[PDB]
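Structure file protein_28.json; described as JSON, C-alpha atoms.
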```json
[["chain", "number", "residue", "atom", "x", "y", "z"],
["A", 1, "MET", "CA", -68.66, -129.94, -13.89],
["A", 2, "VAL", "CA", -70.86, -130.18, -17.07],
["A", 3, "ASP", "CA", -74.47, -129.36, -18.12],
["A", 4, "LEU", "CA", -75.37, -133.10, -18.41],
["A", 5, "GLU", "CA", -75.57, -133.36, -14.57],
["A", 6, "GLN", "CA", -78.86, -131.37, -14.74],
["A", 7, "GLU", "CA", -80.62, -134.29, -16.52],
["A", 8, "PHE", "CA", -82.01, -137.25, -14.62],
["A", 9, "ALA", "CA", -79.48, -139.99, -14.88],
["A", 10, "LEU", "CA", -80.93, -143.51, -14.33],
["A", 11, "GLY", "CA", -78.51, -144.18, -11.45],
["A", 12, "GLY", "CA", -77.40, -140.68, -10.56],
["A", 13, "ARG", "CA", -78.50, -138.91, -7.46],
["A", 14, "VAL", "CA", -81.60, -136.87, -7.39],
["A", 15, "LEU", "CA", -82.48, -134.40, -4.67],
["A", 16, "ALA", "CA", -86.10, -134.11, -3.64],
["A", 17, "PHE", "CA", -87.65, -131.08, -1.95],
["A", 18, "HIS", "CA", -90.62, -131.90, 0.34],
["A", 19, "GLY", "CA", -91.45, -128.34, 1.42],
["A", 20, "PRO", "CA", -89.56, -127.22, 4.56],
["A", 21, "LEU", "CA", -86.45, -129.27, 3.58],
["A", 22, "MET", "CA", -84.95, -131.58, 0.94],
["A", 23, "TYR", "CA", -83.26, -135.02, 0.96],
["A", 24, "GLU", "CA", -81.08, -137.35, -1.15],
["A", 25, "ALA", "CA", -82.77, -139.75, -3.58],
["A", 26, "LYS", "CA", -81.63, -142.40, -6.16],
["A", 27, "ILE", "CA", -83.62, -143.29, -9.33],
["A", 28, "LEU", "CA", -84.19, -146.87, -10.55],
["A", 29, "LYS", "CA", -87.68, -147.04, -12.08],
["A", 30, "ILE", "CA", -89.00, -144.15, -14.10],
["A", 31, "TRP", "CA", -92.24, -143.05, -15.69],
["A", 32, "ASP", "CA", -93.62, -140.95, -18.55],
["A", 33, "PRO", "CA", -97.19, -140.06, -19.76],
["A", 34, "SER", "CA", -96.33, -141.28, -23.33],
["A", 35, "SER", "CA", -97.38, -144.87, -22.49],
["A", 36, "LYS", "CA", -98.50, -144.29, -18.83],
["A", 37, "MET", "CA", -96.27, -147.20, -17.76],
["A", 38, "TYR", "CA", -92.76, -147.34, -16.26],
["A", 39, "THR", "CA", -89.31, -148.83, -17.06],
["A", 40, "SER", "CA", -86.66, -149.95, -14.55],
["A", 41, "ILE", "CA", -83.10, -151.31, -14.12],
["A", 42, "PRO", "CA", -81.20, -153.20, -11.26],
["A", 43, "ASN", "CA", -79.99, -149.92, -9.66],
["A", 44, "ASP", "CA", -81.05, -150.85, -6.06],
["A", 45, "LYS", "CA", -83.10, -153.33, -3.90],
["A", 46, "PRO", "CA", -86.29, -151.71, -2.43],
["A", 47, "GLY", "CA", -87.60, -152.78, 1.03],
["A", 48, "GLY", "CA", -89.92, -155.36, -0.64],
["A", 49, "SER", "CA", -87.78, -156.78, -3.51],
["A", 50, "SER", "CA", -85.15, -159.54, -4.00],
["A", 51, "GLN", "CA", -83.47, -156.91, -6.27],
["A", 52, "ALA", "CA", -84.70, -154.73, -9.13],
["A", 53, "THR", "CA", -84.03, -156.83, -12.28],
["A", 54, "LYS", "CA", -82.24, -156.17, -15.61],
["A", 55, "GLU", "CA", -84.09, -154.03, -18.17],
["A", 56, "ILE", "CA", -87.53, -154.45, -16.66],
["A", 57, "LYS", "CA", -90.35, -154.59, -19.20],
["A", 58, "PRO", "CA", -93.14, -151.99, -19.07],
["A", 59, "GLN", "CA", -96.06, -153.25, -16.96],
["A", 60, "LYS", "CA", -99.18, -151.51, -15.65],
["A", 61, "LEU", "CA", -98.46, -149.68, -12.42],
["A", 62, "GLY", "CA", -100.11, -150.24, -9.02],
["A", 63, "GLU", "CA", -98.59, -153.56, -7.83],
["A", 64, "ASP", "CA", -97.20, -151.66, -4.77],
["A", 65, "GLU", "CA", -97.27, -148.01, -6.02],
["A", 66, "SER", "CA", -99.63, -145.03, -6.33],
["A", 67, "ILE", "CA", -99.13, -141.84, -8.40],
["A", 68, "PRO", "CA", -101.62, -138.91, -8.40],
["A", 69, "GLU", "CA", -102.72, -137.38, -11.74],
["A", 70, "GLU", "CA", -100.17, -134.63, -10.88],
["A", 71, "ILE", "CA", -97.17, -136.94, -11.71],
["A", 72, "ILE", "CA", -99.00, -139.37, -14.06],
["A", 73, "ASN", "CA", -99.09, -136.48, -16.59],
["A", 74, "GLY", "CA", -95.32, -135.79, -16.27],
["A", 75, "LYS", "CA", -91.84, -137.22, -15.79],
["A", 76, "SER", "CA", -91.65, -139.34, -12.62],
["A", 77, "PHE", "CA", -88.91, -141.15, -10.72],
["A", 78, "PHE", "CA", -89.12, -144.03, -8.24],
["A", 79, "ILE", "CA", -86.26, -143.50, -5.84],
["A", 80, "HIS", "CA", -84.53, -144.80, -2.71],
["A", 81, "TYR", "CA", -84.29, -141.94, -0.22],
["A", 82, "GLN", "CA", -80.67, -142.11, 0.95],
["A", 83, "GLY", "CA", -79.67, -141.83, 4.60],
["A", 84, "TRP", "CA", -83.36, -142.80, 5.14],
["A", 85, "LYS", "CA", -85.61, -145.87, 5.45],
["A", 86, "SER", "CA", -86.88, -148.04, 2.59],
["A", 87, "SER", "CA", -90.40, -147.16, 3.90],
["A", 88, "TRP", "CA", -90.07, -143.92, 1.87],
["A", 89, "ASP", "CA", -89.48, -145.76, -1.48],
["A", 90, "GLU", "CA", -91.92, -143.80, -3.66],
["A", 91, "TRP", "CA", -92.02, -141.74, -6.89],
["A", 92, "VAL", "CA", -91.83, -137.96, -7.11],
["A", 93, "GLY", "CA", -92.72, -135.55, -9.94],
["A", 94, "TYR", "CA", -90.14, -133.18, -11.51],
["A", 95, "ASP", "CA", -91.76, -130.36, -9.50],
["A", 96, "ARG", "CA", -90.23, -131.85, -6.29],
["A", 97, "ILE", "CA", -87.26, -133.91, -7.57],
["A", 98, "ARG", "CA", -84.28, -132.83, -9.75],
["A", 99, "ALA", "CA", -81.09, -134.66, -10.91],
["A", 100, "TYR", "CA", -77.93, -133.94, -8.88],
["A", 101, "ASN", "CA", -76.53, -130.57, -10.02],
["A", 102, "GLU", "CA", -75.22, -127.26, -8.60],
["A", 103, "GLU", "CA", -78.64, -125.50, -8.56],
["A", 104, "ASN", "CA", -80.02, -128.28, -6.36],
["A", 105, "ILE", "CA", -76.90, -128.00, -4.18],
["A", 106, "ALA", "CA", -77.57, -124.27, -3.73],
["A", 107, "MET", "CA", -81.10, -125.30, -2.62],
["A", 108, "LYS", "CA", -79.58, -128.03, -0.42],
["A", 109, "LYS", "CA", -77.07, -125.78, 1.28],
["A", 110, "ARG", "CA", -79.53, -122.91, 1.85],
["A", 111, "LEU", "CA", -81.97, -125.38, 3.52],
["A", 112, "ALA", "CA", -79.19, -127.28, 5.33],
["A", 113, "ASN", "CA", -78.52, -123.85, 6.96],
["A", 114, "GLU", "CA", -82.03, -122.41, 7.56],
["A", 115, "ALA", "CA", -83.67, -125.66, 8.71],
["A", 116, "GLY", "CA", -80.77, -128.11, 9.42],
["A", 117, "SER", "CA", -82.19, -129.67, 12.64],
["A", 118, "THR", "CA", -83.56, -133.18, 13.35],
["A", 119, "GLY", "CA", -87.21, -132.07, 13.90],
["A", 120, "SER", "CA", -87.26, -134.34, 17.04],
["A", 121, "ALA", "CA", -89.89, -132.19, 18.87],
["A", 122, "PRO", "CA", -93.77, -132.30, 19.28],
["A", 123, "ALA", "CA", -93.97, -129.61, 16.51],
["A", 124, "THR", "CA", -92.18, -131.58, 13.68],
["A", 125, "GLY", "CA", -89.73, -128.64, 13.06],
["A", 126, "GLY", "CA", -89.28, -129.10, 9.29],
["A", 127, "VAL", "CA", -88.66, -132.84, 8.78],
["A", 128, "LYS", "CA", -90.84, -135.74, 7.63],
["A", 129, "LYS", "CA", -90.29, -137.58, 10.99],
["A", 130, "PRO", "CA", -92.05, -141.00, 10.70],
["A", 131, "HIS", "CA", -91.66, -141.83, 14.45],
["A", 132, "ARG", "CA", -95.39, -140.99, 14.96],
["A", 133, "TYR", "CA", -98.18, -139.52, 12.77],
["A", 134, "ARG", "CA", -102.02, -139.45, 12.55]]
```
Can the structure in the file be given as structure tokens, please?
Amino acid sequence: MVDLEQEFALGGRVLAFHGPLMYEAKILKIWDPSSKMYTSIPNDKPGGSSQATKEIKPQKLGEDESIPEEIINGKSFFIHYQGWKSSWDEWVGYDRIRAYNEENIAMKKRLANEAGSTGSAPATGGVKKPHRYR
């Protein structure tokens, strides 16, 4: 529709590309190197929260999170992976995640064709499949 869709929107969708395939995501707590601390809003209820609260004050990170120096130094987004478990509630860097827009849909649809299978085999297929790992 408009160019604005390309920007992260604090309660828009984001799509996040893991490597073989990509999934739906939804921002709520976000991060920037300018203060190396985050900010958050009541946009969901993670799998270990009563709810996210109103205009959450910046606090030092690492109460339940981890971010490598790869996404510390850049824009980052704590998200609920949609159609998926709350176990995956994590942040991604803007190298893997992007705000819901037509370019990401072209990615989505290409991958939804080339690799659109469940990965329910002893070879993982192309899916993050949490059922077992080592």
Excluding stretch 79-87 of chain A and residues on its chain fewer than 6 positions from it, collect all residues at most 10 Å away from it, counting only C-alpha atoms, and give them as JSON, numbers by chain. {"A": [11, 13, 14, 15, 16, 23, 24, 25, 26, 27, 28, 29, 30, 43, 44, 45, 46, 47, 48, 97, 130]}
Calculate how many Å separate atom CA of residue A:93 from atom CA of residue A:71, rounding to one decimal.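 About the pair atom CA of residue A:93 and atom CA of residue A:71: they are 5.0 Å apart.
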Within 12 Å of residue A:1, counting all atoms listed in the file, which residues show up once you throw out same-chain ones fewer than 6 positions away? Write them as a PyMOL selection string, please. chain A and resi 100-102
Separation of atom CA of residue A:50 from atom CA of residue A:35, in Å and rounded to one decimal: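 Atom CA of residue A:35 lies 26.6 Å from atom CA of residue A:50.
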List as an NGL selection string: which residues have an atom within 8 Å of (-97.7, -140.8, -7.4), counting all atoms listed in the file? :A and (65-72 or 90-93)
Report as AutoDock Vina command-line options the centre and the edge lengths, in Å to one decimal, of the axis-aligned box holding every listed atom of stretch 92-97 of chain A, padded by 8 Å on each side.
```
--center_x -90.0 --center_y -134.2 --center_z -8.9 --size_x 21.5 --size_y 23.6 --size_z 21.2
```
Give me, please, the distance in Å between atom CA of residue A:94 and atom CA of residue A:111, quoted to one decimal. 18.8 Å
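Excluding residue A:55 itself and same-chain residues fewer than 2 positions from it, the residues having an atom within 7 Å of it are residues 40, 41, 53 and 57 of chain A, counting only C-alpha atoms.
The nearest approach to residue A:77 among the residues A:10, A:21, A:59, A:49, with all atoms listed in the file taken into account, belongs to A:10.
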Between A:39, A:113, A:118, A:76, which has the minimum distance to residue A:99 (counting all atoms listed in the file)? A:76
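Among A:22, A:121, A:12, A:88, the residue with the shortest atom-to-atom distance to residue A:109, counting only C-alpha atoms, is A:22.
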